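>>> Before I ask anything, here's the sequence and the deposited coordinates:
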Amino acid sequence: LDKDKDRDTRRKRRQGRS
Amino acid sequence: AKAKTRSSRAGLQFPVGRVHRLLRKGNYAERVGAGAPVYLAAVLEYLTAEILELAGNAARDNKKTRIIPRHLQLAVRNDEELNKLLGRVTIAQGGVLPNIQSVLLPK
Amino acid sequence: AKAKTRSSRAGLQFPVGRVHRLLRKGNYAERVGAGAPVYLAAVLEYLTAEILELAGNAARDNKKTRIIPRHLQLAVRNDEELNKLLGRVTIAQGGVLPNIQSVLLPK
Amino acid sequence: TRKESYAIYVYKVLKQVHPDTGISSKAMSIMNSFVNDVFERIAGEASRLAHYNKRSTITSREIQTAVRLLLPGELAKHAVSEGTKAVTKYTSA
Amino acid sequence: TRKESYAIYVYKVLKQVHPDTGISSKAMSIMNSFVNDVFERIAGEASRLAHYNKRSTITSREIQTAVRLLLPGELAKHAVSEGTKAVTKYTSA
Amino acid sequence: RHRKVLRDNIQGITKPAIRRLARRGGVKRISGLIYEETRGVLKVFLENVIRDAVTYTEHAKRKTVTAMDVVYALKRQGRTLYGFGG
Amino acid sequence: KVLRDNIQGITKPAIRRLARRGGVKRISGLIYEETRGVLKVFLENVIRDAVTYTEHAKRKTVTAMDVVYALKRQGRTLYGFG
Amino acid sequence: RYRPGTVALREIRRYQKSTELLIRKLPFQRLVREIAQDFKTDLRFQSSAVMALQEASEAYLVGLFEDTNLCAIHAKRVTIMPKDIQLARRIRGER
Amino acid sequence: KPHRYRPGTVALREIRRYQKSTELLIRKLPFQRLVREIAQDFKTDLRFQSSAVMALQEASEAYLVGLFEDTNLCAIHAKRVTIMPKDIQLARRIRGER
DNA sequence: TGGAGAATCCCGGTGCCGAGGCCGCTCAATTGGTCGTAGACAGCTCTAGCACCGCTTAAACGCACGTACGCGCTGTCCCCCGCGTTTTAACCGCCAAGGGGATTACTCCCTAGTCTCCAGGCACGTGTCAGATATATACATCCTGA
DNA sequence: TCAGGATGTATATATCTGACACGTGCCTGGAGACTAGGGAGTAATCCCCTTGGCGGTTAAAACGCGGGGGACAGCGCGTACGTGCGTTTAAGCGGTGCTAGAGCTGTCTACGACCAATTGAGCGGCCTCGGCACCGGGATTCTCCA
């Protein structure tokens, strides 16, 4: 759960920069 | 009528038309549906973004602004799922993860 | 006019026409040559004869007249080249080779 | 002669992710080999899935099942979400 | 619906090799699976060989190279000999 | 209507069964801690195979896991199994 | 043009450098001959598959893609050469 | 009474002589259904599917125990230990 | 008295150095001569691209490094720090090469 | 526990070649149509998976005991490591020859596609005998005593 | 080393079955014949990249020499695992019932192949400067002898 929540924030910055 | 790329319709960076051509010319099936190259281009763009993000972090951790194969090896082998995806893959000029066994360290 | 099967033309027992149809309907290439099914049927017949000879020898050595999967396992694992070909193959109801390490036996 | 590659798309994705970071040519060839390898893996698995069900069309369902077969865990879930989002965005317009 | 198999051909080869030996049903199914597996290996390797040289037909040269790539040593040599003998007898008449 | 939920069936892989499997592998002496490790390894292997079999079943929109799905899962993990079809 | 006894070109310090990269602290004396044996076996397999791939294409030059395809066929996929 | 190791060697010869399954069918079937409950509920299984899973699992465990016995002999023991299984699965690439 | 390190310090510094770096560890020309000598036994008068020899060297060095890692794990498992040829034989036996 | 000394991290100037940007020129992606067939969907059939029950007996479980094997410890010796000195061949730069990979054009024969014809192989019944199980049994193997 | 008691193993024979071998209709798929279009075979050229040689530098390889540290053998001790016995438990076998779902069939339409016209996205070629390699030097840091 510690690594799993990290990968969602990885995706959202891609959607945040776009 | 003026033309828009299929990648622009899906909001992608990877080419949907090239992926569709390679799927047609790869002898994978008799027919290729319209949504399949869109899905495949999205998956390829996501995996490229993941590896490039981890490699950029590893390059920042060595005070470099240019990604070398060493940074790609450090990006893949330090992540569990990416190392599981590329367990049989040899990266040229990649090197080895620095890890020395505990019984060899002096006491 | 008077037909004659392609297996009889090559002196084969395996069906040439069935391998031709499978090669066409398997999406391997756009076109299929005329000699490729004959060549592949010859290779399949040779491999079948090679494993069935050793399986028959193993069945004869155990005083049996029907080949059971144990005999196929003995025939494959006792010949080094067939074992090299089928190194990642599990034969159902095959058992194992009888082989005990020397350091476990008493002296 | 013209040899196609994935260099400009990898560069666009890199500028989207790390806007001030460059990439060497050897690392670019490695990323190109990675994209080609993953493409062949997913396409071969989708071809097997189409042949097993006696279908003659590779659709997005076959690609989604091939992604779920080939990618482990959270990578599979995020890739399925990305592909579904892209397909709905494509078919909406 | 009829399902096809290599049962009678395996039985004919067994009668050619050991005339007074039978084969059980499970061993027959194992032999059928073996023939299908080797066929898929050689056909996939020949497909990859034809795709690598940018050709669009699988000829006997592709099958011969696939046999030399897949089979080890004496099996490869004797299988190439058998295939060449059969193709020669086929095209000589 | 009885939605039976199963639990703790890994203990059904008994210690005599693990002893027989080790005897077939040629093992002469077995430690007492071997059995829990073997149950864990078997659980990991069965999870990895059954997940792919269920994926192949869900793709075909069927409710039953056929033998060919298990054969394809073992093929996909590089553990080809002869004598069940295909 | 015949070459002979070039397996001694892989010297003892090169083998021990590979072992230092692998994390080995102490190396016995027979490791060098054993390593030369396993290296010759591995190279024989890969070079045989590469030369088969070259001979099918009716070329006399072993290109890098033939080596990549041979390593791919042996389950040892190599990135960075095409 | 026999000395320890004689009945062990007799069991080794006997179970390497035969080909039948060594795990009981019904506990393996209950284990398979319990594992498959965690992916999709209300699944059905053909009997040949459960039999194929049993054959594959027994072959995997027998090969693993052979590799375990090799690593145990390498440490000059005759008793396999969990570190032997961990070493075999680590060298095989599963861990 | 001159300065001499104890046995094991220089080994650890070499381990850290060669795990930090990323270059090839075998000399190019002896490996090229070995590749040509081995390929002479299959088809005579062959030519090699330079990148083919570089790919062969990269793959061979990566294979040998992974083999030495499994060897070190076997040697540690047998309660040693010195790798021996039976460790390599056990590693290749478990891997499925022999 | 403290100093001498070798190695390594960090700063800073300098060159250089490789990444990045731009520009011209294809040719592959796009768009717009027609067409036919693969696939979705409905509906019926009928097989096999699930659930239950009773009996039996084989296997699992628990417990007691003894011994054999794991493991820790000590001593020995030899062999691998560290270092200095000398040999040697890898490496780099440069030059020269030419073989063969790559491209283009031309052409023909090999293979896809269609139609027609027929017979080879597959589901279905039916007999019958190879071996599974059971009973009797001499013989190989192991343990204790000498 | 020899040998008796004892137990488990393969060996000699009955008998009973259900699984393998074999014969039948048929129908679907393989074979024969013909036509067309393009994929591949063949020839000619070109120029790139491989091979070979030579000279100088110098870093790496090789060889020899102490010497300590690690492999290995031997020994002792105690825990834990094999073995056997009796109690317990559930796996297995057969028999029944039921319905969920797999599979086949017939319609029908939406979706992808195919093709021609069009053009801008992508690729090869050519500058260009800055990020990184390199090196000289000093501060920090770890190791070895007290």
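Thanks, I have it. Numbers count the residues shown, from 1 in each chain, chains lettered A, B, ... in the order given.
>>> Show me what from chain D comes close to chain C.
Residues of chain D lying close to chain C by CB under 8 Å from any CB of the partner chain are D:47, D:51. Where you see a C-beta, it was placed from the backbone N, CA and C, and this is true even at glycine.
>>> Run through the residues that contact the most centrally placed residue in chain D.
Nearest residue to the geometric centre of chain D (CA atoms, centre = their mean): residue D:39, 5.8 Å. Shown in contact with residue D:39 (CB atoms under 8 Å, 6 or more residues apart in numbering or on different chains): B:19, B:22, B:40, B:44.
>>> Residue in chain F with the shortest distance to chain B?
Distances between chain F and chain B by CB to the nearest CB are smallest at residue F:78, namely 10.7 Å.
>>> Could you check how far the residue nearest the centre of chain H is from chain C?
Geometric centre of chain H, nearest residue: residue H:61, 2.8 Å, by CA atoms, centre = their mean. Residue H:61 sits 12 Å away from chain C, taking CB to the nearest CB, to the nearest Å as the criterion.
>>> Skip the chain neighbours and tell me the closest residue to that residue.
Closest residue to residue H:61 apart from its sequence neighbours, by CB to CB, 6 or more residues apart in numbering or on different chains: residue F:21 at 5.0 Å.
>>> Over to residue D:14?
residue B:52 (5.1 Å).
>>> what about the host helix or strand of the one you found, distance to the chain center?
According to DSSP states H and E, residue B:52 maps onto helix B:35-60. In terms of CA atoms, centre = their mean, to the nearest Å, the centre of helix B:35-60 is set 5 Å apart from its chain centre.
>>> before we move on, what about stretch D:29-40?
With CA atoms, centre = their mean, you get 9 Å for stretch D:29-40.
>>> where do the helices sit along chain H?
H:6-17, H:25-36, H:47-74, H:82-92 (DSSP state H).
>>> right, I mislabeled it, should have said chain A
A:4-17.
>>> Helix or strand next in line after the helix of greatest length in chain D, which one?
In chain D, assigned by DSSP H, the helix with the most residues is helix D:25-52. Downstream of helix D:25-52, the first helix or strand assigned by DSSP H and E is strand D:57-58.
>>> Now stretch H:70-80: buried residues?
Buried residues in stretch H:70-80, counted by 16 or more other CB atoms under 10 Å in any protein chain shown: H:70, H:71, H:72, H:73, H:74, H:75, H:80.
>>> Correct me if wrong: the second one contacts residue H:90.
No. No contact is recorded between residue H:71 and residue H:90 when judged using CB atoms under 8 Å, the distance being 9.9 Å.
>>> Skipping its backbone neighbours, what lies nearest the residue in chain D that chain E sits nearest to in space?
At 9.3 Å from chain E, residue D:44 is the closest residue in chain D, using CB to the nearest CB. Leaving aside its sequence neighbours, residue D:44 sits nearest to residue B:28 (CB to CB, 6+ apart; 7.3 Å).
>>> what about residue H:31, distance to residue B:38?
To residue B:38, residue H:31 is 41 Å away according to CB to CB, to the nearest Å.
>>> Tell me who's in contact with residue D:7.
D:28, D:32.
>>> ok, now residue H:37?
By CB under 8 Å, 6+ apart, the neighbours of residue H:37 are F:5, F:6, H:43.
>>> Over to it: give its phi and psi.
In terms of degrees, to the nearest 10, the main-chain angles of residue H:37 are phi -60, psi -30.
>>> With residue F:68 as the reference, measure out to it.
In terms of CB to CB, residue H:37 sits 22 Å off from residue F:68.
>>> Likewise for residue A:14?
39 Å.
>>> neighbour-wise, which of those two wins?
Using other CB atoms under 10 Å in any protein chain shown as the criterion, residue A:14 and residue F:68 rank with residue F:68 on top: 21 against 17.
>>> What count of nearby residues applies to the closest residue to the residue of chain F closest to chain B other than its chain neighbours?
Closest residue to residue F:78 apart from its sequence neighbours, by CB to CB, 6+ apart: residue C:88 at 5.8 Å. Other residues within reach of residue C:88, judged by other CB under 10 Å, total 11.
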